[PDB]
Amino acid sequence: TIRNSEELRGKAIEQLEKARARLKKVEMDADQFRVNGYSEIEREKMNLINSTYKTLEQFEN
Amino acid sequence: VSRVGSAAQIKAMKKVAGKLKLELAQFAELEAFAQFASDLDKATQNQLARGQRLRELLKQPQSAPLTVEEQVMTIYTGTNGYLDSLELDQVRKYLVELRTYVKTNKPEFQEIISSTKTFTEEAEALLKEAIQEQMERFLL
Amino acid sequence: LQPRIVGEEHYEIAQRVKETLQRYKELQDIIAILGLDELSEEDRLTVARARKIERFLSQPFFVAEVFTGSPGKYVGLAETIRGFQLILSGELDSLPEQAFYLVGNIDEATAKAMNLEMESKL
Amino acid sequence: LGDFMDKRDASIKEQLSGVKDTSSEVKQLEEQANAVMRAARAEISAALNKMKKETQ
Amino acid sequence: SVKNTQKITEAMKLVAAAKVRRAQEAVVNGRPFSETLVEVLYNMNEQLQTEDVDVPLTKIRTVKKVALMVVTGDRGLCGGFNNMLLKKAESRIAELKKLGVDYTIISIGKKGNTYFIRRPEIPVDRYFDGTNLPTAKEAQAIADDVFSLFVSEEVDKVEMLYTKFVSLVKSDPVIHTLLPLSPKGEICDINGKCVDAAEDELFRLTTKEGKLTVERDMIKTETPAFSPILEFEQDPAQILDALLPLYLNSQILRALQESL
Amino acid sequence: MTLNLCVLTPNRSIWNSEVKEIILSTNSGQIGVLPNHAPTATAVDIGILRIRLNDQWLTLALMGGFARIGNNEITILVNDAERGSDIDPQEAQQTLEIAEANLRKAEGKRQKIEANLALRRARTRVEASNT
């Protein structure tokens, strides 16, 4: 009986802590992903405007 | 029919589209008696689920012609089962992202297929990394 | 009726209406055999929505005012499109079927529905 | 002796609980990390879309 | 003529669907009897708990010989339903030869009858007329045969094959072991999967999307505990002996109703 | 106010209108039920039932099974049951004669069991028809 509860508690805490550590890491991945996405969106917006200005100029031609 | 069928194609196309030509041949017959057998084992079903996705690749919007590399890349993605997970209404929106991803992030793939004109091992690997990268991005 | 010609929003609704209408036509033989209760919960709905859509398609005409007496309604292309969204999105599921019949605008059906409820209550 | 027996049994039961406690804590850590990673990705995607739409 | 044929076949399809709906209603009508019976048959086992009790229907004897009763459709023009059953019947007869334990076939329905008439290199116990709208009258003559045949030790482990109505598009034959009734009341197939008898699923046909489908859904029927002050009129072994035929009769009727 | 009866066959619930008295056969031989009866469970032999409610009491022959009787309530599980009025007596008698004739011929260890249980079946049909 003693060897069981301890193992459960050992294993259990290794696992809660591990799960929350993973949460942190993701909190990290997402955090990273959000920054990348934001930059990509800005560039894409830039894409649209730039190319449409090119299209304008061609229309003027 | 094309009488001059494959002396016409480029080397990347002949390799890539060799798979494709067969899968549609399977899928003409697996769509036959699909409702007759009607409890589809995964030997028939996954080849039938592969088939519907294969048909989606053939779909295109009017007056938006694809470059040879895109076609080679698109055919390849579909044949391998990469798009099997995706919803049928998700396939056409995915591939458009994957092509745009590849022009933007990985322009080495276009340089291989336009110069060597052969579906090189370097080229094949180079696509996969975009597919893994692109697939991960699409999910979120 | 192509999306590049009529716009994406108009095309989706038109396609959906045909599908909903098409399913109802297929289901008519089935409904007689199994009845409306025996159908599944999706097909209690696409039968009901199809009935409302059928009624919504019918409209009072300016020319027929002499013959029927009810005033006709010229209905815009936007008021048509907005109307079949509210039927197919299910936000008007509670209304009776004869509130959609011979009305012009989507608002008229709701207005007609409310008046019917008041009359029924009376 | 009775106290000694109790002490040893409690020490063992407590060890099991703590081991059970640790396992749950690690599961929570993993879940939180997974949720956080998702936020990053999804968040950025949304941002670009909204930003991409505005640029367009 | 082709247009006329199309109208006729369409009418036939509609009529068949209506008949299937009627069959579903029929199965539902007999639900109180099988719900009440399995509630009794559970509580008669949980009260019994006695080694000295042996009932003839459940009595187990060496499987020297086996009786297989074949429940086929009455008429033609129904896909491969009859062909599939007889073809599946053959595998069971073939399988017995590998074991060599002397099959015997009770055939139900006309296409099964006309099959085993023209092939005489099989024994037949009896030829039964098929029937639409099967009744407890008509399952009794099946039951009076099989029960009588089984109690005598000539045949053992009587098993029945028929098609559980699983799907419209496909309905594969399944073979169950009728006798000797399990005292737990569990009903199980020859292969070796036994469902608890308390839970069974009726088949209800509903439309999924546009198409007409069927979904077999199981509602478990809980068995309320027997009254504490309950008094058994005969003997628990004796009361149970009367009960088993009702269960066998009820089962044969469902096997045939489902096949129909 | 009274006990209530539901007799039910494997396909068809026959009698579910409620009564002041019934009296049914069983394997012990005979039993009677009156309202607020103690909870009993009897295996019922094939042979006629007699049920009295109010003015009128009538026999439907039923073909054996099980009968439990709970608080304020009877339910009878029988594999086949017929109302004795709805069977026409003479035809039932003719059937009984046929059964007897076949029994007299019928021979061998299973077969007689079938003959005997069939003649037992047939003989009880007229006994509800006459009564």
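Residues numbered from 1 in each chain as written, not as in the entry; some residues may be left out. Chains lettered and ligands numbered in written order. Part of a larger assembly, values for the part shown. Heavy atoms only, no water.

In the PDB archive, cryo-EM is given as the structure determination method for this entry, at a resolution of 4.3 Å.

### A short note on the overall build of chain B
Across its full length, chain B holds 7 helices and 0 strands. The order of α-helices and β-strands along chain B, N terminus first, is α-α-α-α-α-α-α. Counting only C-alpha atoms and orienting by the principal axes, one finds that chain B spans roughly 50 × 45 × 30 Å. Taking all 140 residues of chain B together, 34% fall into the buried category. Taking the contacts inside chain B whose residues are at least 6 apart along the sequence as the reference set, 71% of them involve residues at least 24 apart. Total accessible area on chain B is roughly 8500 Å²; 52% of this is exposed by carbon and sulfur atoms. (Helix = DSSP H or I, 4+ residues; strand = E, 2+ residues; numbered from the N terminus. Buried < 20%, exposed > 50% of the residue type's maximum accessible area, 1.4 Å probe, protein only. Contact = heavy atoms within 4.5 Å. Areas by Shrake-Rupley, 256 points an atom, 1.4 Å probe, with all protein chains shown as cover.)

### Thoughts on the pairing of strand β3 (residues 124-128) of chain E
Residue and element names in this part refer to chain E. Relative to β3, strand β2 (residues 103-108) runs parallel, the two sharing 3 bridges. Among the inter-strand pairings, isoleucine 105 is bridged to a residue of β3, identified as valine 124. Running through helix α4 (residues 110-118), the crossover from β2 to the neighbouring parallel element β3 is right-handed. (Pairing = 2+ DSSP bridges. Right-handed = clockwise from strand over helix to strand, strands pointing away.)

### Examining the interface of chain C and chain E
Facing the 11 residues of chain C at the interface are 13 residues of chain E. Here chain C and chain E share an interface that buries about 1000 Å² over both sides, 54% of which is from carbon and sulfur atoms. It is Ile33, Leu34 and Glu38 of chain C in chain C that bury the most area against chain E; as a group they hold 45% of the surface buried on that side. Where chain C packs against chain E, one counts 2 salt bridges. (Buried area = accessible area lost by both parts, 1.4 Å probe. Salt bridge = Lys/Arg side-chain N within 4 Å of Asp/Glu carboxyl O.)

### Description of the pairing of strand β9 (residues 73-78) of chain F
Residues and elements named next belong to chain F. Along β9, 5 of the 6 residues are buried, which leaves the element largely enclosed by surrounding structure. With 5 bridges connecting them, strand β1 (residues 4-8) and β9 associate as parallel partners. In the sheet register, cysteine 6 faces β9, and the bridge partner there is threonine 75. Bridge count for strand β8 (residues 65-70) against β9 is 6 bridges, and the pairing is antiparallel. Across the sheet, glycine 65 pairs through a bridge with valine 78, a residue of β9. Counted along the chain from β8 to the antiparallel partner β9, the turn is 2 residues long, and its residue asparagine 72 has a positive phi close to 65°.

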